[PDB]
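See structure below.
Counting begins at 1 with the first residue of the sequence. Remember, it's 1-based here, ligands and their atoms both numbered in the order they're listed.
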Amino acid sequence: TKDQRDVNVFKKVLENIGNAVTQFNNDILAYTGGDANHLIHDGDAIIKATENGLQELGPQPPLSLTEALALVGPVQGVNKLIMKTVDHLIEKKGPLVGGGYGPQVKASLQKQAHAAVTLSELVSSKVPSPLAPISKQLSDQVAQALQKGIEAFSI
Ligand SMILES: CCCCCCCCCCCCCCCC(=O)O
């Protein structure tokens, strides 16, 4: 149906972003010190998925109420993942900063955040009024999580 096809573009974008966050999380968990370039690369892959999502969703028409409701679960999932990943990254501040990666991690998070807020506002512009409050809450979660990271890797 057209209804499933409509939401599927949004779902695929969220899935692609979630996959990139998951890879980043896996490598953060595995990291205890030394070379962090593959980890930094993973961070930049999240930016690319977010940029691809912006490009794919830019001109999408407004979602119906039931279409937009189908995105609540997917977004809550991605958000929980982001929150946990950032927490895990902050838990590795010692070895990252110690290995000289502090500035690069901060810069990656700032760039992630700029793309994330752009996408969160774009998706929020596609949902009808009843979802405006939850869309703001979900947008704020992402922004707040990334900001928590940026602060941790500041001096
Ligand atoms: C019905 C739901 C509407 C919600 C709209 C706002 C939330 C969209 C989520 C955007 C995901 C961007 C995540 C990038 C994370 C990162 O770079 O670390």
Atom NZ of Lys136: over 12 foreign heavy atoms under 6.0 Å: yes

Ligand-side contact atoms (ligand 1) for residue partner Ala68, heavy atom cut-off under 4.0 Å: 1 (C)

More than 12 heavy atoms from other groups under 6.0 Å of NE2 on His41: no

Heavy-atom nearest option to atom 9 (C) of ligand 1, drawn from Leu54, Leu138, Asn79: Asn79

Proximity of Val21 to ligand 1 by residue part, where a heavy atom lies under 4.0 Å: neither

Enumerated ligand 1 atoms positioned under 4.0 Å from heavy atoms of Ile46: 16 (C), 17 (O), 18 (O)

Atom NZ of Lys126: over 12 foreign heavy atoms under 6.0 Å: yes

Between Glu121 and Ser125: side-chain donor-acceptor atoms closer than 3.5 Å: no

More than 12 heavy atoms from other groups under 6.0 Å of CD on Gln137: yes

Protein contact to atom 3 (C) of ligand 1 [nearest heavy atom, distance to 0.1 Å]: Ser135 CB, 3.8 Å

Distance-only side-chain donor-acceptor flag, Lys106 / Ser154, under 3.5 Å: yes

Heavy atom of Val78, distance to ligand 1 below 4.0 Å: no

Atoms in ligand 1 with a heavy atom of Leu146 nearer than 4.0 Å: 18 (O)

Which of the ligand 1 atoms, numbered from 1, are nearer than 4.0 Å to a heavy atom of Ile82: 13 (C), 15 (C)

Heavy atom of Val75, distance to ligand 1 below 4.0 Å: yes

Proximal atoms of ligand 1 relative to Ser139 (non-hydrogen, under 4.0 Å): 6 (C)

Under the side chain to side chain donor-acceptor pair (under 3.5 Å) test, residues paired with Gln141 that sit two or more places apart: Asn79

N or O contact, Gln112 vs ligand 1, cut-off under 3.5 Å: yes

Interfacing atoms of ligand 1 (cut-off 4.0 Å, heavy-atom, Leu131): 1 (C)

Shortest non-hydrogen contact between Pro95 and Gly33, atoms and distance: CB-CA, 3.9 Å

Minimal non-hydrogen separation, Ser139 against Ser124, with atom names: OG-OG, 3.4 Å

Atom 11 (C) of ligand 1: nearest protein contact (heavy atom, Å): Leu119 CD2, 4.3 Å

